[PDB]
Protein chains: 2
Amino acid sequence: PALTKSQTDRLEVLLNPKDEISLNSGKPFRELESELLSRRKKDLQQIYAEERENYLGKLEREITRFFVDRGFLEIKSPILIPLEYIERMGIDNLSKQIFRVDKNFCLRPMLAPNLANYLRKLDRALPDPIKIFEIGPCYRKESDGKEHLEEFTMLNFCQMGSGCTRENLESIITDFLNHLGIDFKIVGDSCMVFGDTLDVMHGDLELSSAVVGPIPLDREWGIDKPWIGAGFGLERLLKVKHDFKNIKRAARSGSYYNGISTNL
Amino acid sequence: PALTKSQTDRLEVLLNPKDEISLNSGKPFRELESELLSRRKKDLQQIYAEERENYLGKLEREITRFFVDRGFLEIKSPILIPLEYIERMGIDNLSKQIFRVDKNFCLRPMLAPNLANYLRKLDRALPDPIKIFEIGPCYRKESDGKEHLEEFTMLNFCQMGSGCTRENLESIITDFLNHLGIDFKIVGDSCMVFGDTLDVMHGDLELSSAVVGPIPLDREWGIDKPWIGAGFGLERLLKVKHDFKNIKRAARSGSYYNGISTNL
Ligand SMILES: Nc1ncnc2c1ncn2[C@@H]1O[C@H](COP(=O)(O)OP(=O)(O)OP(=O)(O)O)[C@@H](O)[C@H]1O
Ligand SMILES: Nc1ncnc2c1ncn2[C@@H]1O[C@H](COP(=O)(O)OP(=O)(O)OP(=O)(O)O)[C@@H](O)[C@H]1O
Ligand SMILES: Nc1ccc(COC(=O)NCCCC[C@H](N)C(=O)O)cn1
Ligand SMILES: Nc1ccc(COC(=O)NCCCC[C@H](N)C(=O)O)cn1
Ligand SMILES: [K+]
Ligand SMILES: [K+]
Ligand SMILES: [K+]
Ligand SMILES: [K+]
Ligand SMILES: [K+]
Ligand SMILES: [K+]
Ligand SMILES: [Mg+2]
Ligand SMILES: [Mg+2]
Ligand SMILES: [Mg+2]
Ligand SMILES: [Mg+2]
Ligand SMILES: [Mg+2]
Ligand SMILES: [Mg+2]
């Protein structure tokens, strides 16, 4: 017998990349569902008995240790930010992707504006070079795709002062992704906010956009020294590490725990 | 000479609890400001040279290790949640404290609704008892006070099944606060959502509200077993640990780093 779209969708929810199960071999839906339910219950029971850490939380902690140990200050800045930061970043009325809150606020779509404010302020107190990073939630309205979430998690690290060359930026990216065990290439791209970017690609998947300053936008943020920085999506890193078909498996969710369906 | 309100406000920004400086001793504002600026620059330089971890991030990691090691599963759930969860939690049209997003969403004011969904779903797969926790941002519109932030960080841990007694709840709270070195007492209180609470107090400062289920609200969330849980504000824990006068010192902010003014 043949499987309906609803039946295939249910089996796909329960299927994991490590499995080797053909959904349309002729085995009835009831037995495919029962087999996958048993595998997923066993997987969740093993996590509960032996590990207990959330993939997104554990990755944030691993990344934090990497950057702290390399001399970058750990930042935790507001998620709810002034709407004025949007226009000030050069997001001309992308601007359609912004989640507005009340009338003067929004959910941050990126970490860069708050990190620019920290670079400017810390430059008055700390020795050259200034090295900082932040990991946390960012928000964009997106067309539902396999690589986009509306609520995702960004890492942005950046440096201002000496050492702010393309070669040093590439070297940090290389050390970071070598630490995570992720192969990549660098390709040029461009964006409306920062201009030319160095995009870090794993196949066709964009892991990061990186920027070598100065850029004209600097003046609007009081930045007046060379700088480099890069933004990475943590859910995309997890998608690569675990071979997930859809980025939803990696997201903050009530529907998946460490890539395992919670509808069991 | 006498200090103006603006001058006193500036010195208070730069003052830290460890300092022993009288603002109205007769010393001129210029010298008090210069002394405090030097102390704060030295403090920030020491953090940058030797530690580099953000207080809120470090506390979240310490708390995460405590609960993971005691058998609780680490959850990371959505911050942007359906507005329908508000009415379903019994927040009758407090409801005025909700940050609305678009027309059907809001910023979560607490972690409990997402954790209730996880308890229900995990009970179908995991052995008794189910023990989970989450740490992350929550949002409430508040009257500007010394103990309230509009963007704050909650820990909520909870357990469902066996062991869900008042004595076990108090024992977990005691072990947790003993681990952090924070003295407390338990006092009864009540709230409109959960009914009677056990409030964990440090002096007059409410560190937590805790609940022993079942409660009538359970039916609306599909919860049908005994449960216990408690919610704690991380910024309030930091305020106690570091003797901050105002909770702003502990918050996500561009204005303070580990309680040190960034306006230097
Ligand atoms: N909606 C999203 N969901 C998940 N990750 C995202 C999303 N948007 C951006 N990212 C991640 O954040 C990084 C930096 O943000 P950036 O502004 O460069 O994204 P982007 O160029 O718009 O990405 P894309 O072209 O895939 O939409 C991206 O390289 C990606 O890893
Ligand atoms: N606006 C806020 N800013 C900082 N922490 C908060 C805030 N609201 C709640 N908390 C923290 O979260 C815990 C659990 O939330 P709960 O709903 O019990 O707060 P609450 O009873 O409204 O607190 P309060 O009476 O001080 O307003 C509180 O005990 C407190 O530690
Ligand atoms: N003027 C300044 C100065 C310094 C910074 C520090 O921030 C950075 O390192 N940016 C790096 C690119 C991240 C990609 C981004 N998420 C985007 O939407 O393309 C910001 N602005
Ligand atoms: N029906 C159910 C069942 C289980 C849970 C799990 O969540 C909890 O442990 N709550 C503990 C109290 C936290 C205080 C809260 N921030 C407030 O606003 O008073 C929730 N609901
Ligand atoms: K598979
Ligand atoms: K998606
Ligand atoms: K999400
Ligand atoms: K003082
Ligand atoms: K406040
Ligand atoms: K804040
Ligand atoms: Mg995009
Ligand atoms: Mg792109
Ligand atoms: Mg990009
Ligand atoms: Mg309150
Ligand atoms: Mg209260
Ligand atoms: Mg309370």
# chains A, B, ... in the order shown; residues from 1 in each chain; ligands from 1
call {"tool": "interface_residues", "arguments": {"of": "chain B", "to": "chain A", "cutoff": "7 Å", "atoms": "only C-alpha atoms", "output": "MDAnalysis selection string"}}
result
chainID B and resid 41 45 48 52:54 68 72:78 99:102 118 121:122 124:126 252:254 262:264
call {"tool": "residues_around", "arguments": {"residues": "residue 206 in chain B", "least_positions_apart": "3", "cutoff": "12 Å", "atoms": "only C-alpha atoms", "output": "list in words"}}
result
residues 147, 148, 184, 185, 186, 187, 188, 189, 197, 198, 199, 200, 201, 202, 203, 209, 210, 231, 232, 233, 234, 235, 236, 237, 239 and 240 of chain B
call {"tool": "write_last_selection", "arguments": {"atoms": "C-alpha atoms", "output": "JSON list (two decimals), in the first residue's frame"}}
result
[["chain", "number", "residue", "atom", "x", "y", "z"],
["B", 147, "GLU", "CA", 14.26, 45.48, 41.80],
["B", 148, "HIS", "CA", 12.48, 45.28, 38.42],
["B", 184, "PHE", "CA", 17.04, 32.98, 52.50],
["B", 185, "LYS", "CA", 13.72, 32.32, 54.21],
["B", 186, "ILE", "CA", 10.46, 30.90, 52.82],
["B", 187, "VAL", "CA", 7.22, 32.89, 53.23],
["B", 188, "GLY", "CA", 3.75, 32.11, 51.93],
["B", 189, "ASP", "CA", 2.28, 34.39, 49.27],
["B", 197, "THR", "CA", 3.16, 30.21, 46.40],
["B", 198, "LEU", "CA", 6.19, 29.60, 48.56],
["B", 199, "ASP", "CA", 8.19, 32.78, 48.08],
["B", 200, "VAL", "CA", 11.95, 32.59, 48.62],
["B", 201, "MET", "CA", 13.01, 35.84, 50.30],
["B", 202, "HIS", "CA", 16.39, 37.43, 50.96],
["B", 203, "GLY", "CA", 15.35, 40.15, 53.35],
["B", 209, "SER", "CA", 8.04, 32.04, 43.68],
["B", 210, "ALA", "CA", 7.62, 28.25, 43.96],
["B", 231, "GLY", "CA", 11.09, 30.47, 39.16],
["B", 232, "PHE", "CA", 14.07, 32.64, 40.10],
["B", 233, "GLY", "CA", 15.37, 35.92, 38.69],
["B", 234, "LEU", "CA", 19.07, 35.73, 37.85],
["B", 235, "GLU", "CA", 19.55, 39.52, 38.04],
["B", 236, "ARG", "CA", 18.12, 39.47, 41.57],
["B", 237, "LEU", "CA", 20.56, 36.67, 42.53],
["B", 239, "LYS", "CA", 22.11, 41.89, 43.04],
["B", 240, "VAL", "CA", 22.40, 39.94, 46.27]]
call {"tool": "select_by_dssp", "arguments": {"residues": "range 83-234 of chain A", "states": "helix (DSSP H, G or I)", "output": "PyMOL selection string"}}
result
chain A and resi 84-88+95-97+112-122+166-180+216-221+234
call {"tool": "residues_around", "arguments": {"residues": "residue 94 in chain A", "least_positions_apart": "2", "cutoff": "12 Å", "atoms": "only C-alpha atoms", "output": "PyMOL selection string"}}
result
chain A and resi 86-87+89-92+96-99+109-110+139-143+191-193
call {"tool": "residues_around", "arguments": {"residues": "residue 242 in chain A", "least_positions_apart": "4", "cutoff": "12 Å", "atoms": "only C-alpha atoms", "output": "compact mmCIF listing (two decimals) with C-alpha atoms, in the first residue's frame"}}
result
# COMPACT_ATOMS: atom_id res chain seq x y z
CA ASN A 16 16.74 10.93 12.11
CA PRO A 17 19.83 11.22 9.86
CA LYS A 18 21.47 8.15 11.45
CA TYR A 55 22.51 21.22 21.85
CA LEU A 180 34.22 22.75 15.67
CA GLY A 181 35.40 20.34 12.94
CA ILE A 182 33.47 22.06 10.13
CA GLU A 235 21.44 26.58 14.31
CA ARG A 236 23.19 26.40 10.94
CA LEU A 237 26.38 25.13 12.64
CA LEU A 238 24.25 22.45 14.37
CA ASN A 246 15.73 21.01 8.16
CA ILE A 247 17.06 23.71 10.44
CA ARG A 249 15.58 20.36 14.23
CA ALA A 250 18.15 22.69 15.76
CA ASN A 258 18.30 17.75 20.38
CA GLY A 259 16.84 16.90 16.97
CA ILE A 260 14.44 14.25 18.39
call {"tool": "residues_around", "arguments": {"residues": "residue 225 in chain B", "least_positions_apart": "4", "cutoff": "8 Å", "atoms": "only C-alpha atoms", "output": "PDB file with C-alpha atoms, in the first residue's frame"}}
result
ATOM      1  CA  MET B 160       6.488  15.902  37.557  1.00  0.00           C
ATOM      2  CA  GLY B 161       5.566  12.455  38.871  1.00  0.00           C
ATOM      3  CA  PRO B 214      -1.572  19.961  41.245  1.00  0.00           C
TER       4      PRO B 214
END
call {"tool": "atom_distance", "arguments": {"atom1": "CA of residue 194 in chain B", "atom2": "CA of residue 177 in chain B"}}
result
22.8 Å
call {"tool": "closest_residue", "arguments": {"among": "B:218, B:35, B:20, B:204", "to": "ligand 15", "atoms": "only C-alpha atoms and all ligand atoms"}}
result
B:204
call {"tool": "closest_residue", "arguments": {"among": "A:205, A:116, A:36, A:27", "to": "residue 224 in chain A", "atoms": "only C-alpha atoms"}}
result
A:116
call {"tool": "closest_residue", "arguments": {"among": "B:6, B:153, B:190, B:95", "to": "ligand 10", "atoms": "only C-alpha atoms and all ligand atoms"}}
result
B:153
call {"tool": "closest_residue", "arguments": {"among": "B:25, B:168, B:34, B:93", "to": "residue 11 in chain B", "atoms": "only C-alpha atoms"}}
result
B:34
call {"tool": "residues_near_ligand", "arguments": {"ligand": "ligand 5", "cutoff": "10 Å", "atoms": "only C-alpha atoms and all ligand atoms", "output": "list in words"}}
result
residues 12, 14, 15, 16, 17, 18, 19, 20, 21, 22, 23, 243, 244 and 245 of chain A
call {"tool": "select_by_dssp", "arguments": {"residues": "range 21-116 of chain B", "states": "strand (DSSP E)", "output": "ChimeraX atom specification"}}
result
/B:73-75,80-82,100-101,105-107
call {"tool": "decode", "arguments": {"residues": "range 5-43 of chain B", "atoms": "C-alpha atoms", "output": "mmCIF file, in the first residue's frame"}}
result
data_model
loop_
_atom_site.group_PDB
_atom_site.id
_atom_site.type_symbol
_atom_site.label_atom_id
_atom_site.label_comp_id
_atom_site.auth_asym_id
_atom_site.auth_seq_id
_atom_site.Cartn_x
_atom_site.Cartn_y
_atom_site.Cartn_z
ATOM 1 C CA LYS B 5 21.470 66.354 41.247
ATOM 2 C CA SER B 6 23.146 65.783 37.859
ATOM 3 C CA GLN B 7 26.566 65.623 39.521
ATOM 4 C CA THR B 8 25.406 63.219 42.246
ATOM 5 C CA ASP B 9 23.748 61.024 39.600
ATOM 6 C CA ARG B 10 27.026 60.854 37.639
ATOM 7 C CA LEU B 11 29.041 59.885 40.724
ATOM 8 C CA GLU B 12 26.470 57.219 41.653
ATOM 9 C CA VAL B 13 26.831 55.689 38.187
ATOM 10 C CA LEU B 14 30.606 55.388 38.787
ATOM 11 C CA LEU B 15 30.395 54.257 42.412
ATOM 12 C CA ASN B 16 30.621 50.568 43.265
ATOM 13 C CA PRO B 17 29.606 48.777 46.495
ATOM 14 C CA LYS B 18 33.243 48.032 47.406
ATOM 15 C CA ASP B 19 34.100 51.748 47.397
ATOM 16 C CA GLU B 20 34.333 53.871 50.542
ATOM 17 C CA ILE B 21 33.927 57.405 49.151
ATOM 18 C CA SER B 22 31.696 60.106 50.651
ATOM 19 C CA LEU B 23 30.084 62.085 47.822
ATOM 20 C CA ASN B 24 29.281 65.111 50.000
ATOM 21 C CA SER B 25 32.454 65.484 52.058
ATOM 22 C CA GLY B 26 33.278 68.828 50.412
ATOM 23 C CA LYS B 27 35.753 67.391 47.915
ATOM 24 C CA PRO B 28 34.971 68.947 44.526
ATOM 25 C CA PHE B 29 33.007 67.014 41.930
ATOM 26 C CA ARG B 30 36.000 67.069 39.530
ATOM 27 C CA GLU B 31 38.202 65.123 41.937
ATOM 28 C CA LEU B 32 35.505 62.653 43.000
ATOM 29 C CA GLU B 33 34.733 61.982 39.354
ATOM 30 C CA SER B 34 38.420 61.558 38.456
ATOM 31 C CA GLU B 35 39.049 59.161 41.345
ATOM 32 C CA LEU B 36 36.027 57.004 40.499
ATOM 33 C CA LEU B 37 36.833 57.005 36.773
ATOM 34 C CA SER B 38 40.332 55.700 37.577
ATOM 35 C CA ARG B 39 39.005 52.946 39.856
ATOM 36 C CA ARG B 40 36.452 51.824 37.274
ATOM 37 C CA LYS B 41 38.947 51.819 34.382
ATOM 38 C CA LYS B 42 41.274 49.684 36.526
ATOM 39 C CA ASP B 43 38.419 47.297 37.350
#
